[PDB]
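# Coordinates in review
Letter by letter, the chains look like this.
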Amino acid sequence: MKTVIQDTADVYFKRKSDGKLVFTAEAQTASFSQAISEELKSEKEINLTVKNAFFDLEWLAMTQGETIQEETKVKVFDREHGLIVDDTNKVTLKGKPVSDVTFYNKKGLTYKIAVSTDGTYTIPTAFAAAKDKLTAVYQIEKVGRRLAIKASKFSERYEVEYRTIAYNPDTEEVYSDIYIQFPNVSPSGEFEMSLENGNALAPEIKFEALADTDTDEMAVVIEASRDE
Amino acid sequence: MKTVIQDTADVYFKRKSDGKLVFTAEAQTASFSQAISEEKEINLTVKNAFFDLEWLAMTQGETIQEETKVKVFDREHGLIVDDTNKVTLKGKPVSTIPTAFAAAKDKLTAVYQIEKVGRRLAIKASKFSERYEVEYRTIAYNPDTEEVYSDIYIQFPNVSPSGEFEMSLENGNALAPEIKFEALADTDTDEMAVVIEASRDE
Amino acid sequence: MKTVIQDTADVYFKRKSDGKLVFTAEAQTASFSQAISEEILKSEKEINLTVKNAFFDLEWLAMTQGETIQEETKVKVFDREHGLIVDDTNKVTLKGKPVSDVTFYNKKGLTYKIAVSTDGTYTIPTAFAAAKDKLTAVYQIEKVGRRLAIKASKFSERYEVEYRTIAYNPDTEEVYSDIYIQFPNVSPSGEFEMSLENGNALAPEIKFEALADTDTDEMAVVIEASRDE
Amino acid sequence: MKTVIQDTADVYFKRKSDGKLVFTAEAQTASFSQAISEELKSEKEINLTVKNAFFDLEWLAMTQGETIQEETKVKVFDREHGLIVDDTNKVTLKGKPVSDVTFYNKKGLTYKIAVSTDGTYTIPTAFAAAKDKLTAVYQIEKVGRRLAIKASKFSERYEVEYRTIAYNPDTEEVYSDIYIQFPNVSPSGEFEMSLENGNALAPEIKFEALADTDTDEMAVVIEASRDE
Amino acid sequence: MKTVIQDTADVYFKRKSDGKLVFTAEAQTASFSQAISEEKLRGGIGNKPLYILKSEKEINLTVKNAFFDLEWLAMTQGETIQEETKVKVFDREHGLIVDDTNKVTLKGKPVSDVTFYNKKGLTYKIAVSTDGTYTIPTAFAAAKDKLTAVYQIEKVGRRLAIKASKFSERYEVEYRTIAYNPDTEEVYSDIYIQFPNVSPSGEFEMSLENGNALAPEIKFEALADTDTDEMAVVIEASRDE
Amino acid sequence: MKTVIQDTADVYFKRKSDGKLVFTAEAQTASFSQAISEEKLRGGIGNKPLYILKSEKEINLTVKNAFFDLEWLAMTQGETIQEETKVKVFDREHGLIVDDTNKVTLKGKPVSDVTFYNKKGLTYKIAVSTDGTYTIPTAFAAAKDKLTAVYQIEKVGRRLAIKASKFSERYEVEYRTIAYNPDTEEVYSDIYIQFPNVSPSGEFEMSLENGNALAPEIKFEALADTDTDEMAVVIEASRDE
Amino acid sequence: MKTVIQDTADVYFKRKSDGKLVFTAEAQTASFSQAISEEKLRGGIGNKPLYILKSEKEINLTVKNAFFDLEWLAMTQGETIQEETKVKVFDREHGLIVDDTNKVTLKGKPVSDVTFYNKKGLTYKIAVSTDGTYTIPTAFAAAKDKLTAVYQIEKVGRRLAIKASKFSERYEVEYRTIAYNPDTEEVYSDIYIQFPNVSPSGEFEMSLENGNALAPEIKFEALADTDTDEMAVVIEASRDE
Amino acid sequence: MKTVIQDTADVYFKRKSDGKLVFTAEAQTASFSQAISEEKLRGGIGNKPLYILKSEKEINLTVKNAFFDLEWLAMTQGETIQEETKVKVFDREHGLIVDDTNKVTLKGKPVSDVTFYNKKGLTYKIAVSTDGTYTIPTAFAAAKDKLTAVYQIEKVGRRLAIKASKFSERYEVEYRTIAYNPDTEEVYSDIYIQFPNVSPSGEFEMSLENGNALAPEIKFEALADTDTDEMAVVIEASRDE
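Residues numbered from 1 in each chain as written, not as in the entry; some residues may be left out. Chains lettered and ligands numbered in written order. Part of a larger assembly, values for the part shown. Heavy atoms only, no water.

- The record names cryo-EM as the way this model was obtained, at a resolution of 3.70 Å.

## Focus: the overall build of chain B
- In terms of helices and strands, chain B carries one helix and 16 strands.
- Over its C-alpha trace chain B gives a radius of gyration of 26 Å, far above what one expects of a compact globule, namely 17 Å for 202 residues.
- On the principal axes, the C-alpha backbone points of chain B span a range of 85 × 45 × 35 Å.
- The buried share of chain B, taken over its 202 residues, is 38%.
- For chain B, the exposed area adds up to about 11900 Å²; of that, 57% sits on carbon and sulfur atoms. (Helix = DSSP H or I, 4+ residues; strand = E, 2+ residues; numbered from the N terminus. Rg over C-alpha atoms; globule rule 2.2 N^0.38 Å. Buried < 20%, exposed > 50% of the residue type's maximum accessible area, 1.4 Å probe, protein only. Areas by Shrake-Rupley, 256 points an atom, 1.4 Å probe, with all protein chains shown as cover.)

## What about the relation of the copies chain G and chain F?
- Rotating chain G by 74° about the axis while translating it 0.6 Å along that axis superimposes it on chain F, leaving an RMSD of 2.8 Å. Put plainly, the chains are arranged around a five-fold axis. Minimal C-alpha distance to the rotation axis in chain G is attained by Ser-37 of chain G, lying at 17 Å.
- Comparing contact sets, just 6% of the residues at the interface of chain G also lie at the interface in chain F, consistent with a heterologous contact between different surfaces. (Least-squares fit on C-alpha atoms. Contact = heavy atoms within 4.5 Å.)

## Some remarks on the interface of chain G and chain F
- Taken residue by residue, the interface counts 54 residues in chain G and 58 residues in chain F.
- Roughly 4700 Å² is buried in total at the junction of chain G and chain F, and carbon and sulfur atoms are behind 55% of that figure.
- If you sort the residues of chain G by the area they bury against chain F, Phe-90, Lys-166 and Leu-208 of chain G come out on top, with a joint share of 16%.
- Where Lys-48 of chain F meets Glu-56 of chain G, a salt bridge forms, and the shortest distance between an N and an O atom there is 2.5 Å.
- Linking chain G with chain F are 15 residue pairs in polar contact, by the criterion used here. (Buried area = accessible area lost by both parts, 1.4 Å probe. Salt bridge = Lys/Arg side-chain N within 4 Å of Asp/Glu carboxyl O. Polar contact = N/O pair within 3.5 Å; in protein donor to acceptor, adjacent residues only side chain to side chain.)

## Observations concerning a nonpolar patch on the surface
- A contiguous nonpolar patch, built from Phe-54 of chain D together with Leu-50, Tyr-51, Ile-52 and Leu-53 of chain G and spanning about 440 Å² of accessible area, is present on the exposed surface.
- Note that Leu-53 of chain G resides in the loop between β3 (29–36) and β4 (57–64).
- Using a relative accessible area of 39% as the deciding quantity, one classes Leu-53 of chain G as partly exposed. (Patch = residues over 30% accessible without salt bridge, like charges linked within 9 Å, V, L, I, M, F, W, Y side chains within 5 Å.)

## Some points on the sheet that holds strand β13 (residues 167–169) of chain B
- Ordered in space as β13(A)-β15(A)-β4(A)-β3(A)-β13(B), the five strands form an open sheet in which the pairing is antiparallel. The sheet is open, and its two edges are formed by β13 (185–187) of chain A together with β13 of chain B, each paired on a single side. Each strand axis lies, on average, 25° off the axis of its neighbour in the sheet, ignoring direction.
- Examined bridge by bridge, β13 of chain A and strand β15 (residues 204–209) of chain A share three bridges and lie antiparallel to one another. Bridge pairing in β15 of chain A places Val-185 of chain A opposite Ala-209 of chain A. (Pairing = 2+ DSSP bridges. Axes fitted to C-alpha atoms, helices over the stretch in contact; angles between N-to-C directions.)

Right, dumping it as structure tokens:
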């Protein structure tokens, strides 16, 4: 049949260790590649680029298999603005600093002062005078779920799929659906992301597919109609 | 005479073994490269505007067994978890839990296992013994009388399908499927690429 | 759950040796990446920090190189003049204080050199320029101010890097999470690609390499908060 | 204190052969680069990339160090269009050819004819008929500047300095001036211009900077406030 | 049989958030337009159109009344009206004579500096004085001269603010026009046009210089209805039923 | 032969599927246009080459009318006409009973009559007021101002809906105009324009201005014939044969 | 010398294909426009504009005539014109009276179908007959009723068709206008402007409006000649010479 | 209440850096426009919008005055007025008769050069003569021939220099107009429009043509206030003060 597809392809994932199928959602960009070359002659090389328009922790976690920690204790930074110095060359904080705090004057020179339990911190005359705006930076203990990376390792395997919809050209109707079956696919360790201003991130997730054991299948494409 | 080409190029496929002529008049480009290395210069590239499996099959080395069931993955949405006690999913699963989530006052979904009939193509790492014949057909406009006099033909005897297949699937912009070949020198004439122009007044 | 973000980061810089907590600014771009290389064994995991700030300061690239800045240092810099008019006596007079040989440019592109003279009046050959001609001159002028120079090698400083951003709920378009990224000790790089193009901010960039931690053996920690706490 | 800069640079070039300071800058873009080598890993190569809005022969001349000898007669091509063939098939060319002359008809044909003392050129009837129009091309000598390129003579050491202003981010005035004077820079041969329609060529000149023999310095940054 | 319509349509908007059926006013014109967007698909030799993915069928609305009202702009930008708000507004006073002592009395109640202008032009800002009499410099002007005073005074009225946020209110537009039979000379039918699920976009524009065709312009945008998927609907209503 | 035309031309419509010959009527304007695009500079010393790409050649149609036809807008937006369908509409009344009673007895239809109005600048909102021939609405006093009333009325008639239903009907268009000999003041020839295999567009713009005619406007696009590859045909002949 | 014009120039066209000359007839309005692309060069300290750079001129054409015929309608579509061809055109028949036998006689030569319309608006479809007598249904019409009929007829004339692929040929354009003396108002000189190596473009638009002619306009595009590097020349005359 | 406006808008200009209150004039015409633009994110199947939006707002201000003022022109750019300064301007002389001595007398003060133009358009150039008499060759003109001359004359007056490098300061604009009741034919209220923190924008165009005034325009850009986050305020007053 000579037909056309237009839109993207939904991804689907498989779990085989215990069985829990992730990705009850959709994505934005999914591509395909095939290059043998490599004149011990080359057998097969394949790459996958699944690219969604959202951001979820599990889709960075599945690159390097680690447990998703619960709300634990982590040390993170903090900042304050609009702190005025009183007539007594002192200032009080509104947050809860845990570590040493630093004050930056209008010109830019800094000042390191240890933690004061009362909350009010003396301001040296050389650093600043009365009625002077001040800023505070300190470390704050915030509870929340935790994730990190650790060296290079191979981890849990997870399959992929390419599911899209077809259109009948001459009668502009949904004629068929296309599914690409990828067996024995393991997640790749190359995860790269970028952070800009006024644009989406489009996170990059890659995998690679290994050949099947008892069927010798690595790349299967299935086209299924809708009239049966 | 000096002229200018305006149109695309028609492409015909002929097998050296038996030959099933398949053609198309709807294509984007019919481009062949040229380079010297140590020489390989007859790399080709044709970009179409219509989806098919035959050409994909041509790129690969296998059939498309029809009327077969393998597997499929599909999911639903809507109101799934409700009525306090348990849930009830609608479908044909192959491969409850009131807790661990909202107490049946939300919409939580899980993908289930289905299957259906469809075509099957296997990408195998063998079966590269196919030869082909290709031919181009484009027109050239005369820059003096605003008419076409000579039709330009490019044919590549002894061509082989290169083991390359790059395609990109994106949103509602375009598809542009690609199939590329590679032609070597012929046996009895040592020819791999020739270009021929036409003449209507003959 | 899933979320989207379009804002910048809140990168903070601190030095391992001391308690310096400088560089809290509003940057433009920020990213990190990893790759796999070969020599024998690969056994590599490299993180290359990137950050571009819409502000310029010599302190920003101070730690990119070694040594330290020099304050109130006398330096010699070039200066040029144009629009000078030569009198009918075939002489010129500038209003600067040159300390080097002064070159003269005519309208035909020819160059004439005359050493600096205290009298302030300099003669010109008639062939170079006739009477009532427009001449331009270049010379050298001493100045005082900040001076910074770069050398080879001498990289020993270590820093901790923190990345901050705020998540957005796709449904309500409001705050849902705060994505925090923390880095262990890092080392300055030796790459800096800046350009002062026409009518667009230079936006200098800083690059860092993250090494494995001594005790925790970590390289990148991603922390996420929420309004629930 | 942090400022914002957005402008080009006023660079000057000086050579050590005779202390020949030349040229005042009216350019488009400028930049400098540094990196780390691998083979003696510790090495900071300095590359210069400056694009100029105007064209100058000397700018190409410094790249290929050679003499600038002028008033040299050269053999350059000239094309004559609009010639009309008479019935006598003997037409005197308007120009003054010195090399071989070739005629071309509407269909496109070639006919080499030697120079004529009287200037009248015979036209074969097979080439074209009467009242027809043909074009001619030949060489005409002309005087002007001449530049040559050789395969040797790599010498000369230049000096490059930069100049730009620093706009204060709150008073909308130049707070300071920035100087990026580079000592002991050497020519690097790489310049790929392109002349097209609707775009200036913007010639590019690249340079390689080396450290001095006494101060071991290759690149300095100078900042001086405007209030001094 | 057929008919011809020459009259405008009575315009009604009903808010969808609450049961607010208001703006029962008569306007001077009303219109709506329907357009489609084509993207097509290049084919080849020159017979390029092969298959088109036509979608995004949209309908625009237009209405211009012959009266001005502070009520008929809140649909453009979601906001309320603040009444009895103390606001500061400028004012101009003319025909202020100056006595021989170079002093001028004021009958207004300034709340800020007062600027005085002489015959040709000059700026003289002076702090407000409770007595109401202000001295005049000799260089400013001479005696027996007319001056003008400009200053700021508070006022009370209905104040409305405009911002860029909170654009969610939906409405329902209903038309009503009469149809004339072509060969009997009385009314024949009433034509009503309804636009469910219409989103008010902001294309505010006005030119206040005289009474020549004020025409406060309000522009609306129609969007898809959820349970019916019918962007617009026309109704023919004969007078015999 | 040289001639001049100054009048209109009747419009002939036919359907490809069935054999109806709808709209053997007349109008005031009926125009069609050709669209051409592309062409490049392709400079070099500022010279100009062939300056063509030689594709496209679309044909658009534009037909107005002097009367309002329901079948016309039904035809440009092919759907089904719902005869004898109940619909809801608004209505108003002005003056029923003196207001110095706080008693109002609306007449004509009691279904969904709400949201009365004050007479100067306020909203005399009764909120819900649906009751059987109620004569005791209190709300606010508003003694002897005007009264005012707003209703909701149920009526029946023709019903038409607008939605993206993928119209695909094909048509044939024929024209007929009369020429004029510029010498003897007589109709020299009759000119006809043939537009086989023409499909309707989705452009529907009209306005309801103070005093004018509706002149409904829809567009058509002519596609090349599958056999002869023609979309526009010009034919004329004189009445002497 | 110093003069102006206030008259519309005449038009002359020559086919550059072999030898043909076209349209030696008066026109009502002529025009031509010259435009060039625009860029700008920037650089230096402060982004001062140091130079101006622009090229790639292009010139358009415009002509309007108060007369219409297909000979110059084929100007934008260059093809031969076939004469005396058998074509099918429509026909409108009115004043049809049915006798007491409930049958209607026909006057004409129908080709494909005959359609009947009653006075009230309902349409009737009947098979085409040879005698011309049709038994009208009693419900549709009774005895002594006014009917109308529409049927296709055959005519012979000169036809012109628009092909799917486009085609154009280079042409020559000539202008002719006379200047007026600055003070004595005599015809000082004549002005002629020649456009070698030009081709038309397809943007035809005929409005079939009533009360006045459509005044057809033909759109041409200028092109640079490759012979002597010129594409627009204007020549003034001298009545003394 | 439904109210009709009948007058212009009063304009008040105040600069933020100082307390100046220039241009208390009545102006001729005032207007302002508002537009809304936003972008959305795309997703998966069907290319449905993801309903994540980035919206921004902007407002343009337009005013028109029937009068001309130098400081009104200087208002656009950030430059001050330069007082009486020596400047050079051109001048012409008409009706010059050359004597039999091929000389002409001049009643002007040339500073650079004097050029003579004859009736035939010939041009001659000669340096300034101290005695005011110039020598003209007989070829240019014979004795008793009419002549005209053009030269440059020094002038002294206030100067303005428009600069393309300087622009600063912030302004605030207030409006004022009267509102007419449609029944009592009396001013019911008055409307003021305020634009705090409005940035001047340079879009200046004035037409100097034959007859009728110049009516200069200045456009403005409005930014939200850093404190209240507002760009415009609409307040309706009343005659109850």
